[PDB]
Amino acid sequence: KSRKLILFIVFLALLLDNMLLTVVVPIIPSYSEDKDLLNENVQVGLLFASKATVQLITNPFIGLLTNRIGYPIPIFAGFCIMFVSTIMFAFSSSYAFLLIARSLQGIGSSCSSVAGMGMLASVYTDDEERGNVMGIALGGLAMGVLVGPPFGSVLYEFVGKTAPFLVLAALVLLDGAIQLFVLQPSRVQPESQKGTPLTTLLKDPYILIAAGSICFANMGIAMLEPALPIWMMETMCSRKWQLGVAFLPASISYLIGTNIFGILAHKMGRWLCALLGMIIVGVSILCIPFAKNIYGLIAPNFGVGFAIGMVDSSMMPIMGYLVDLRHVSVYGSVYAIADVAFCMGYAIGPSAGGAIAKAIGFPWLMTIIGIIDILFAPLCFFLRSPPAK
Ligand SMILES: COc1cc2c(cc1OC)[C@@H]1CC(=O)[C@@H](CC(C)C)CN1CC2
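Residues numbered from 1 in each chain as written, not as in the entry; some residues may be left out. Heavy atoms only, no water. Residues with missing side-chain atoms left out of burial classes, pairs and counts.

As documented in the archive entry, the model was determined using cryo-EM at 3.12 Å resolution.

The cut-off we apply is this: UniProt positions are given in the numbering used here, feature names are shortened, and annotations may be inferred rather than shown by experiment.
Recorded in the entry header as its title is "Structure of the human vesicular monoamine transporter 2 (VMAT2) bound to tetrabenazine in an occluded conformation". Recorded in UniProt under Sequence similarities, the annotation for the protein chain is "Belongs to the major facilitator superfamily. Vesicular transporter family."

### A look at the site of the ligand
To be explicit about the condition: Any residue with a heavy atom lying within 4 Å of a molecule or strand is counted as near it. N or O atoms within 3.5 Å of each other form a polar contact, as long as, within protein, one can give a hydrogen and the other can take it, and as long as residues adjacent in sequence are counted only when both atoms are side-chain atoms. For every accessible area listed, the method is Shrake-Rupley and the probe measures 1.4 Å; residues are considered covered only by the protein chains on display. Labels follow the DSSP assignment, with helices taken as runs of H or I lasting at least four residues and strands as runs of E lasting at least two, numbered in each case from the N terminus. Each residue is assigned to one of three groups, with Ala, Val, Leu, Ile, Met, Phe, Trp, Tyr, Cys and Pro labelled nonpolar, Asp, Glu, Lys and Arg labelled charged, and all others, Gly among them, labelled polar.
Taken together, 14 residues lie near the ligand, and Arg-102, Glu-225, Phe-247, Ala-250 and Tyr-346 sit nearest. Side-chain polar atom of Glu-225 to a nitrogen atom of the ligand: 2.7 Å apart, as the coordinates give it. Protein contacts shield 98% of the accessible area of the ligand, which totals 520 Å² for the unbound molecule. Residue assignment for the shell around the ligand shows that the elements contributing at least two residues are α10 (248–268) and α13 (331–357). Residue classes in the shell around the ligand are distributed as 11 nonpolar, one polar and two charged.

### Overview of helix α6 (residues 127–158)
This is how it is decided: By this rule the span expected of a helix is its residue count minus one, scaled by 1.5 Å. The term bend refers to the angle at a residue between two fitted axes, each drawn through seven residues, those ending there and those starting there.
Between its first and last C-alpha, α6 extends 46 Å over 32 residues, near the 46 Å set by a 1.5 Å rise per residue. Bending of α6 peaks at approximately 30° at the position of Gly-148, with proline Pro-149 no more than four residues after it. Its side-chain oxygen 2.9 Å from the backbone nitrogen of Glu-128, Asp-126 forms the N-cap of α6. Remark: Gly-160 follows α6 within two positions and exhibits a positive phi of approximately 75°.

### Focus: helix α11 (residues 272–285)
What counts, and what does not: Residue burial is assigned from relative accessible area. The probe radius is 1.4 Å, only protein chains are included, and a residue is buried under 20% of its type maximum, exposed over 50%, and partly exposed in between. Whether two residues are in contact is decided by their heavy atoms, any of which lying within 4.5 Å being enough.
A rise of 1.5 Å per residue sets the reference length of α11, with its 14 residues, at 20 Å; its end C-alpha atoms lie 20 Å apart and thus fit the reference within 8%. Taken as a whole, α11 has its buried residues at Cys-273, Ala-274, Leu-275, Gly-277, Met-278, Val-281, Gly-282, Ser-284 and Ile-285. The inward-facing, buried residues of α11 abut α9 (205–224), α10, α12 (298–326) and α14 (362–374).

### Focus: the UniProt feature "binding site: serotonin" in the protein chain
Mapped onto the present numbering, the UniProt feature "binding site: serotonin" falls at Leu-141, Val-145, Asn-218, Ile-221, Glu-225, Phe-247, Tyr-254, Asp-312 and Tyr-346. Tracing the backbone shows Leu-141 in helix α6. Classification of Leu-141 by relative accessible area gives buried; the value is 9%. Examined against the element boundaries, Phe-247 turns out to sit in the loop between α9 and α10. Those residues within four positions of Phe-247 in sequence are excluded, and the remaining contacts are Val-25, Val-145 and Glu-225.

### Observations regarding unusual backbone geometry
Within the chain, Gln-184 stands out as a residue other than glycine whose phi angle is a positive 55°. Within the element layout of this structure, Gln-184 appears in the loop between α7 (163–182) and α8 (198–202). We note that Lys-194 has phi near 45°; this positive angle belongs to a residue other than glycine. By the element assignment, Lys-194 lies in the loop between α7 and α8.

### Examining a nonpolar patch on the surface
Our working rule: Each patch is built from salt-bridge-free residues with over 30% relative accessible area, joining like charges within 9 Å and nonpolar side chains (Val, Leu, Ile, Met, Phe, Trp, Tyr) within 5 Å. By convention in these notes, a salt bridge is any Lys or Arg side-chain nitrogen within 4 Å of a carboxyl oxygen on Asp or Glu.
A grouping of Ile-280, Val-283, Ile-356, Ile-360, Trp-364, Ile-368, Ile-371, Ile-372, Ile-374 and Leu-375 is seen on the molecular surface, where their side chains present a nonpolar patch of about 860 Å² in accessible area. When residues of the nonpolar patch are traced back to their parent elements, those giving at least two are α11 and α14.

### Examining the nonpolar core
Nonpolar side chains tend to gather and get buried jointly when the protein is soluble and globular. To keep it simple, the criterion reads: In these notes, a set of buried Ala, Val, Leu, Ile, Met, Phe, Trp, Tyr and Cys residues joined through side-chain atoms within 4.5 Å is what counts as a nonpolar core.
In this structure, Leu-120, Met-319 and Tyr-335 are the most contacted members of the largest nonpolar core, which totals 114 residues. The residues contacting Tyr-335, other than those within four sequence positions of it, are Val-114, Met-117, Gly-118, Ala-121, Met-134, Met-316, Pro-317, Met-319 and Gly-320.

### A few points about the packing of helix α3 (residues 42–69) against α13
Quick note on the threshold: As a rule, the C-alpha atoms of each element are fitted with a line to give its axis, helices using only the stretch in contact, and angles between N-to-C directions run from 0 to 180 degrees. For classification purposes, an angle smaller than 35 degrees is called roughly parallel, one larger than 145 roughly antiparallel, one from 65 to 115 roughly perpendicular, and anything else oblique. Should the near helix be turned counterclockwise from the far one by less than a right angle, the crossing is left-handed, whereas a clockwise turn marks it as right-handed.
Contact geometry of α3 with α13 gives a least axis separation of 8 Å together with a crossing angle of 165°. Between α3 and α13, the interaxial angle falls into the category roughly antiparallel. Two packed elements cross with a definite hand, and for α3 against α13 that hand is left-handed. Taken together, the residues of α13 that come into contact with α3 (itself represented by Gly-45, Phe-48, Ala-49, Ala-52, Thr-53, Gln-55, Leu-56, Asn-59, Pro-60, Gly-63, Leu-64 and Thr-66) are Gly-332, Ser-333, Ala-336, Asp-339, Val-340, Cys-343, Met-344, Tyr-346, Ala-347 and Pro-350.

So this is what it looks like as structure tokens:
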């Protein structure tokens, strides 16, 4: 039982965090051109930036400690610091709550995302199994961002009060209970002692090319989402029906990307899904400067969400293959590098990177984050055969 059931646990533990981070979307409206939103965004920019820096600064401290504690207690902090955040939103009268309420969730996201991916890395040892399995587990992000806003928005308008958080606190304790049974995560058990120290993974070039590819893929969508024309007009008229829908294309395309390139990327060679993984991000972003209508953003969202899925699902199992080929196999830490790289685009990119566009115009910030991705694609020639220890 245990091998296969931990995929269902880590899928659900990624789904609920990725649904919870996204159900705040139709709530945000309570607080001349499609990219001028860079200037209106700054309040919303801080809601994307806060979760991702508090999650990012935590990744070394969860990833390192996972080796000392054992995996199960970090996954339980992943359920729990995210659950107490779910309950916190249920009486958020002001932005303050939202901002801090997010901060607690960031820690839960780390606790869940690093230790859960390390649990799949530890448990699924063969590359074909680990590719199919991590592609399906990363399908938790892709299903969470899709499922969450349509459900959250319909409850927020039709049922009212703060209902979309109480019904999610119902589903989060169901996952927490299923962890208490399936993992038996109430015991103190350490991992193989004094394994690879993170500075030595960070000084090996071959892990950086994979982590960098996971980061630079996310950076293209991280500048885009905070500054969509989705926040101001929606209060006034029946166009509010678009408030939850705008992520649906990027989050169907991620699902098919992480699900298909969970199986196919192993077979063709995963390096070609960083090369054709960031060529597609870059060219999909490069259609944004020719949009002048929100419908014109549906096409570039779909190729970004697909290509994010093709990179993540191909490069997350490369983290495991590299510690299995150049280092010592304790995955408490390498997934700390992979997850800060995933996360950092949302931490840094919206606000610190948003300062680029205001002096220049925003179609230049989008076109350049596009080229930085087509230029990264040939750098993965180092991942054809990482030379053995
Ligand atoms: C309201 O806040 C947030 C909203 C959203 C995200 C993150 C947020 O906060 C940090 C995720 C993060 C991801 O994983 C990407 C999934 C895509 C490729 C389908 C992009 N966006 C989708 C919406």
